[PDB]
Amino acid sequence: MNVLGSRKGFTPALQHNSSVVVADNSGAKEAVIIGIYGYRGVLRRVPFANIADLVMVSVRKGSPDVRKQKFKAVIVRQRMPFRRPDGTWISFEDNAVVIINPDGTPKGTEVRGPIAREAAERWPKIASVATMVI
Amino acid sequence: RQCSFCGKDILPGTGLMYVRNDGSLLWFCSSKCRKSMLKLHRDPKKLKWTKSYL
Amino acid sequence: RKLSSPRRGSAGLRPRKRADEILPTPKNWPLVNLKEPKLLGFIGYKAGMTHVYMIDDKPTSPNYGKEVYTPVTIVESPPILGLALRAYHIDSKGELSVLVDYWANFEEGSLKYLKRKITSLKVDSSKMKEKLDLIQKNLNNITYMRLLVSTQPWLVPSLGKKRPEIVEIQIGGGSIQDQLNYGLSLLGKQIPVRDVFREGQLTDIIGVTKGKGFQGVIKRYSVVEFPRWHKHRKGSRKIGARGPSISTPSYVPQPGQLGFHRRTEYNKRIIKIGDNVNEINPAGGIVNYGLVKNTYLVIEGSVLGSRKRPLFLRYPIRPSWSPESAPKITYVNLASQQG
RNA sequence: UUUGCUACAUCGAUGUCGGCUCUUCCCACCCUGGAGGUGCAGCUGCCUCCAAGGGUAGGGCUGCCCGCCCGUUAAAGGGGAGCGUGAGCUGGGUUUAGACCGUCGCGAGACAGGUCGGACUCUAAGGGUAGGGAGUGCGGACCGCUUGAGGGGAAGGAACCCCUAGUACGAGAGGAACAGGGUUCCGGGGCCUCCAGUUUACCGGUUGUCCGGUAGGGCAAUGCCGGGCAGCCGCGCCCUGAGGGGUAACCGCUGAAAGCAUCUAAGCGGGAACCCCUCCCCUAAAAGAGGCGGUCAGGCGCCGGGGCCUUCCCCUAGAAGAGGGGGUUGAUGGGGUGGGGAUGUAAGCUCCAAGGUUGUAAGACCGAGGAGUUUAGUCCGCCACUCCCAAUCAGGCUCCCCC
RNA sequence: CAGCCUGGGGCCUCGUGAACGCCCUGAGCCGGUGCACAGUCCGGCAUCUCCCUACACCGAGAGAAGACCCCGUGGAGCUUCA
RNA sequence: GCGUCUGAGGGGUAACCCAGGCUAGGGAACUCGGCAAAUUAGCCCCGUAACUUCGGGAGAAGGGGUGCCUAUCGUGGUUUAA
RNA sequence: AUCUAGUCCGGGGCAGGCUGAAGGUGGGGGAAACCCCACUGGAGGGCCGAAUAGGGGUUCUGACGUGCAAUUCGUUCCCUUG
Numbered sequence: 005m006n007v008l009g010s011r012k013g014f015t016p017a018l019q020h021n022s023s024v025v026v027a028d029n030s031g032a033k034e035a036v037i038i039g040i041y042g043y044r045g046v047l048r049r050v051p052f053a054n055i056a057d058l059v060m061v062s063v064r065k066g067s068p069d070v071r072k073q074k075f076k077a078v079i080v081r082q083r084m085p086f087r088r089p090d091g092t093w094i095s096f097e098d099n100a101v102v103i104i105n106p107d108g109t110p111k112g113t114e115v116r117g118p119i120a121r122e123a124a125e126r127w128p129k130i131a132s133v134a135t136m137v138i
Numbered sequence: 005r006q007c008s009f010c011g012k013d014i015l016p017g018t019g020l021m022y023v024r025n026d027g028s029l030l031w032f033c034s035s036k037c038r039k040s041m042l043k044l045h046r047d048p049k050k051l052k053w054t055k056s057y058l
Numbered sequence: 004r005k006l007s008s009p010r011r012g013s014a015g016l017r018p019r020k021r022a023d024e025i026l027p028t029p030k031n032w033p034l035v036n037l038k039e040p041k042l043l044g045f046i047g048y049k050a051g052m053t054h055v056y057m058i059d060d061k062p063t064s065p066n067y068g069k070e071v072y073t074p075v076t077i078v079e080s081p082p083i084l085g086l087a088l089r090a091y092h093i094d095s096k097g098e099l100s101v102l103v104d105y106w107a108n109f110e111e112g113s114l115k116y117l118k119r120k121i122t123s124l125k126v127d128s129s130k131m132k133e134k135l136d137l138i139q140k141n142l143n144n145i146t147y148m149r150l151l152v153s154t155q156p157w158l159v160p161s162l163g164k165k166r167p168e169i170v171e172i173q174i175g176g177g178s179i180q181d182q183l184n185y186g187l188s189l190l191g192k193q194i195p196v197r198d199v200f201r202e203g204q205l206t207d208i209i210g211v212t213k214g215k216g217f218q219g220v221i222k223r224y225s226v227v228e229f230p231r232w233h234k235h236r237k238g239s240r241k242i243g244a245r246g247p248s249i250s251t252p253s254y255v256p257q258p259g260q261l262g263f264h265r266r267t268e269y270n271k272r273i274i275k276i277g278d279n280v281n282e283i284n285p286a287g288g289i290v291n292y293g294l295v296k297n298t299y300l301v302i303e304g305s306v307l308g309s310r311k312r313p314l315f316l317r318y319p320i321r322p323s324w325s326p327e328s329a330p331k332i333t334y335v336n337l338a339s340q341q342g
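Chains as they are written, first to last, in the entry's author numbering: chain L14P, 5 to 138; chain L24E, 5 to 58; chain AL3P, 4 to 342.
Below is the structure:
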């Protein structure tokens, strides 16, 4: 939303039908990557996603009122080894996303676990309720 | 900057940050160290090629 | 139903064959660009590579004024020993053949290194006088002026060889009369890379890539493994069809040699020209190469070709940006390439 | 492009749907470029024309095609090439033999109505293709370096963002573009610095086993497992402008025809992912078959030697060939010494040891294991120094044209 | 969305040692003509020879008087209210 | 008992084929179809649904322990043997 | 009718385990009707499982497909006291 003109993107992480946890207080707990915004691909190359990407998933485990529903989020946690511009390598023990409202602000009001610095700039609303940033 | 496991000197531009939910930091000289915790759980003390031997 | 697909493999470089001289040569030269007599390239060797720490010099860099990490290749730069001057002119039929050569090592150069590979001139008729003034007589009707130089690998134990290569470089500068005199001086002596280059320049690379042997189509042109079932059925590592008909069994991926090619490289900016071997030598002797003991060229990115290949360098043909000198550094990795 | 008829060709076979991979073409342009009109404030529109250089996805249902739909994207164009492609493939549809079901039949059974299974052959004579090699001519033998006719290209293409600018514009809601930067994606060419993987080089633990016990070993599709060098690739990293010329459509100007007018008729200027030149790649089998440097001696056909090749030792390289080196005037490979690495601390010795065996006691004896003896020991297709050993003996081919 | 390694083949070398396609050896490609898709014909474009390996694109490649449709006052079989 | 399921030697071993091993991250997006391949697996104990033809289903499901050594103990057999 | 189909006669085989019907016995709950538990008991066209114990040939449409052979080989299945 605000920083993607910089080095928005890193080594390949995820794919369609990839399952991630919901790290907030929204009510959703488990979600599967259903689609990728923006990206355009080529023959047989599965579409991509990593940290700080407008991503589209659906609710698999969570409150019934959100079960089997469509919502937007951003990617905050990945297991991939990758190289930061200052040449450090960051990883997250699992893969998590935070659901965002269609305007851009997160739907949830709480944040679970650390987030790589990159998401905060691309989504300052996330940084608004962000607790710790790595 | 010291390895979480072998603790030895980390010559710059390598290693990997495996950040947990707690925000703790894990530093590995190579793959040997990373396996030493994330999957081996073996004792750093139990061996004698890390300074934490005794 | 016949979905879109870019033609796979690279049709641009057909034919793909192996070079006939280990040390290639440029076929064009970037313009002189309004300056004085000096050379436009250099020779060297591929010693190894590492990663380096610098402040960004690109004024428009997104990383400007910060320390970022970047792989960097080392190029030992042994001194160059010139041989002769070659005359090119619009001859009969309006072509640019060699008018004449101008050799001189009888006045200086009691070196049998050249003798190892060429049974070169004797003192009996070292009468280049009538040759040299021929240039003077043919002055003002000359177009290009290259230079005969040789490498001196015997000053580098890393490459266990003693018969050297003699190769060419075209010189641009001010007036033609100046250039010949400029070259005339350079004969019979030794020339450092600093005599041609300075830090912060761009440089071009033509050389021979890492050979690989006869290859497979899977590897040669990155053709695709057939899906699933062929990993079990009738064969997997081949293209299915080979053309609509004998109407040109065409430029299609077919096996053959890959590597050892004459190739190209653009937009390479140097980092450091140091002279202390201890500043760059890694731990335990650089891998597969030895211990650099002459002046070296600190070039980032990747450089084509296998270790222990001569490399011939060149000014930028289509430089992307005009660089300033000295992208200062902050760290050099002396750690073992092993481990 | 289908679909209707035609039976001219194929019945001693042109093997039939789809799909997969892979190549190319075409333009009736989906997007990207150029120009314009508009019931075009701007964005979004709608439409015409030129333009085939490039791109034109990923999924669900259906075997397909078709069709319906999901979420992005610039859109997710349509057709050909024996409905491109089985001596490249899948057999899902469909063309047999077994059965069931529905309609009809007294019956053999028929159905174009549905459903389960049902064999997919070939060592490339010749060409094409992709590489790699010998020779003749170009011209006596050579060694070396170069000129650079044509050949191919997409060697780049695309999007998003920063600021322009919350500006222009519109009352407002809303909301531009030029240049300039940058990023990403896809594609193209490289490379292993680091990371990931790889590691039947190596090291350890450890089951079962036997070789008398330890040790050291055989084996058990590396016995299993843990680790990881180099090398190689990737999920890693690096490079991947623009301009000059001629043009399309068209936009102009000077201008008569035809006094005026008229962009056009001659005349003149601009004007595109359009064609070419600059870029890279292979080129003296280019027949005009190039040029330049040097040597081929010396002496009396002869002596002689000079060049080259093989042989020799290796690897920058690889199917051999080739290519690159070295060859006593030497660091090319082994040895040795150091250097830097991988495993993870050799044996034996000592001490301790859950308890027990003794032994009057004292003491000594067994014991899976822990510690020191010890960043050990083993190993390292890596580096340097060191002439200790090895590059010799030998064979072949050939020049004396020039004085 | 591909990658590395191992055994046997495949590479090479000694020995043994076949069969298939053969009017031919004269077959490069492109338009054209013609049984309406050529190796010879027509018009161009090129095109030095020899050798080895990989590819099966073509040779309307080879394998088999097509398993389908129909004809023959041709068979066989089955059935019945012939 | 065999080195006779009877041809062998060279090599840094190209591609490729057949047998395999292993692959980060995602985990059916491939695909007509999860085909293949993988995962589990011996044993003891605990614990075990709906339904039903009451017999099973039923190794339903699921959970826990399993080595090596220093000791022991219990049970039973056996030797002319309550 | 040395193959196969069938039958008859006379012969030769199915390593090891598991499961546990009937019945028997003893506890225990209540005078009863009889019920629960423990063991014993060893019935069944029952179950797992020995490449070549023996049988069939299931998927890999897996290799060969001018063979190991004019019907196989390796994988990979189901049966095994009737």
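Every residue, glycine too, gets a C-beta built ideally from N, C-alpha and C.
{"Check": "CA-CA distance, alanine 50 (chain AL3P) and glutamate 228 (chain AL3P)?", "Outcome": "36 Å"}
{"Check": "By a C-beta neighbour count over all protein chains shown, 10 Å radius and 16 as the cutoff for buried, is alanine 14 (chain AL3P) buried or exposed?", "Outcome": "exposed"}
{"Check": "Contact criterion: CB-CB distance below 9 Å. Does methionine 21 (chain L24E) meet it with respect to chain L14P?", "Outcome": "yes"}
{"Check": "Classify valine 50 (chain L14P) as helix, strand or coil using the three-state DSSP reduction.", "Outcome": "coil"}
{"Check": "Identify, in the order they occur along the chain, each residue of the same chain with its Cβ nearer than 8 Å to the Cβ of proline 27 (chain AL3P), setting aside the five sequence neighbours on each side.", "Outcome": "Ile209, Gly210, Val211, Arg265 and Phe315"}
{"Check": "From the DSSP secondary-structure annotation, give me the bridge partner or partners of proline 74 (chain AL3P).", "Outcome": "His54 (chain AL3P)"}
{"Check": "May I ask you to list, following chain order, the residues of the segment 88-116 of chain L14P that have a beta carbon less than 7 Å from some beta carbon of chain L24E?", "Outcome": "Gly91, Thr92, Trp93, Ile94, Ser95, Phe96 and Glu97"}
{"Check": "Identify which residue in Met148 (chain AL3P), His233 (chain AL3P), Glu327 (chain AL3P) and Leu261 (chain AL3P) has its Cα closest to the Cα of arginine 201 (chain AL3P).", "Outcome": "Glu327 (chain AL3P)"}
{"Check": "Does the segment 278-288 of chain AL3P come into contact with the segment 247-258 of chain AL3P, if we say contact requires no fewer than three beta-carbon pairs (one atom in each stretch) closer than 8 Å?", "Outcome": "no"}
{"Check": "If you check the beta carbons only, do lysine 33 (chain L14P) and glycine 9 (chain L14P) fall under 9 Å apart?", "Outcome": "no"}
{"Check": "Where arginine 245 (chain AL3P) and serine 253 (chain AL3P) are concerned, what is the direct C-alpha to C-alpha distance, given to the nearest angstrom?", "Outcome": "8 Å"}
{"Check": "Should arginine 321 (chain AL3P) be labelled buried (16 or more other beta-carbon atoms within 10 Å of its own) or exposed?", "Outcome": "exposed"}
{"Check": "Using alpha carbons as the reference points, say which of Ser28 (chain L24E), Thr54 (chain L24E) and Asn25 (chain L24E) lies closest to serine 40 (chain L24E).", "Outcome": "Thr54 (chain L24E)"}
{"Check": "Verify whether the separation of the beta carbon atoms of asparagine 144 (chain AL3P) and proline 16 (chain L24E) is less than 9 Å.", "Outcome": "no"}
{"Check": "If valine 133 (chain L14P) sits next to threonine 113 (chain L14P), beta carbons under 8 Å apart, how far is it from one beta carbon to the other, in whole angstroms?", "Outcome": "7 Å"}
{"Check": "If you scan the segment 79-127 of chain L14P from start to end, which runs of the alpha helix (DSSP H) of 4 or more residues do you find wholly inside it?", "Outcome": "121-126"}
{"Check": "Taking just the CA atoms, how far does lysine 36 (chain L24E) sit from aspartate 13 (chain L24E)?", "Outcome": "15 Å"}
{"Check": "So which of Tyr67 (chain AL3P), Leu34 (chain AL3P), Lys165 (chain AL3P) and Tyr48 (chain AL3P) has the shortest CA-CA distance to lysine 331 (chain AL3P)?", "Outcome": "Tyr67 (chain AL3P)"}
{"Check": "Using a Cβ cut-off of 8 Å, pull out every chain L24E residue sitting near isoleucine 138 (chain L14P), in sequence order please.", "Outcome": "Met21, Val23 and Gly27"}
{"Check": "Give me the Cβ distance between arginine 49 (chain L14P) and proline 65 (chain AL3P), rounded to the nearest whole Å; I'm assuming they're in contact under 8 Å.", "Outcome": "Rounded, the Cβ-Cβ distance is 26 Å, inconsistent with contact."}
{"Check": "List, in order along the chain, the chain AL3P residues whose C-beta lies closer than 9 Å to that of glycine 17 (chain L24E)?", "Outcome": "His54, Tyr56, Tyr72, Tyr334 and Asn336"}
{"Check": "Would you say the segment 137-154 of chain AL3P touches the segment 76-87 of chain AL3P, given that touching needs at least three Cβ pairs under 8 Å?", "Outcome": "yes"}
{"Check": "Here's the rule I'm using: 16 or more other beta-carbon atoms within 10 Å means buried, otherwise exposed. How should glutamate 39 (chain AL3P) be labelled?", "Outcome": "exposed"}
{"Check": "In this structure, how does DSSP classify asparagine 270 (chain AL3P) when only helix, strand and coil are distinguished?", "Outcome": "strand"}
{"Check": "Let me know the secondary structure DSSP gives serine 132 (chain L14P) once reduced to three states.", "Outcome": "helix"}
{"Check": "I'd like to know if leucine 18 (chain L14P) contacts chain AL3P, where contact means its C-beta is closer than 9 Å to some C-beta of that chain.", "Outcome": "no"}
{"Check": "Given 8 Å as the limit, is there contact between the segment 236-245 of chain AL3P and the segment 163-175 of chain AL3P, that is, 3 or more CB pairs closer than that?", "Outcome": "no"}
{"Check": "Distance check for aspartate 90 (chain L14P) and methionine 57 (chain AL3P), CA to CA, integer angstroms please.", "Outcome": "11 Å"}
{"Check": "Could you check whether the Cβ of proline 51 (chain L14P) sits closer than 9 Å to any Cβ belonging to chain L24E?", "Outcome": "no"}
{"Check": "Answer with buried or exposed for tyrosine 41 (chain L14P), where buried requires no fewer than 16 other C-beta atoms within 10 angstroms of its C-beta.", "Outcome": "exposed"}
{"Check": "Just to confirm, is the Cβ distance from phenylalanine 86 (chain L14P) to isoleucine 94 (chain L14P) under 9 Å?", "Outcome": "yes"}
{"Check": "Compute the beta-carbon to beta-carbon distance between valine 295 (chain AL3P) and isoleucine 302 (chain AL3P), rounded to the nearest angstrom, for a pair I have assumed lies under 8 Å.", "Outcome": "Their Cβ separation, rounded to whole angstroms, is 14 Å, which puts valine 295 (chain AL3P) and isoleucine 302 (chain AL3P) out of contact at 8 Å."}
{"Check": "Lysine 74 (chain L14P) to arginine 64 (chain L14P), Cα distance in whole Å?", "Outcome": "10 Å"}
{"Check": "Hey, how far is the Cα of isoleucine 273 (chain AL3P) from the Cα of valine 196 (chain AL3P)?", "Outcome": "12 Å"}
{"Check": "Starting from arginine 11 (chain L14P), find everything on chain AL3P with Cβ-Cβ shorter than 9 Å and list it in chain order.", "Outcome": "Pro65 and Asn66"}
{"Check": "Alpha carbon to alpha carbon, how far is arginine 46 (chain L24E) from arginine 4 (chain AL3P)? Give it in angstroms, no decimals.", "Outcome": "56 Å"}
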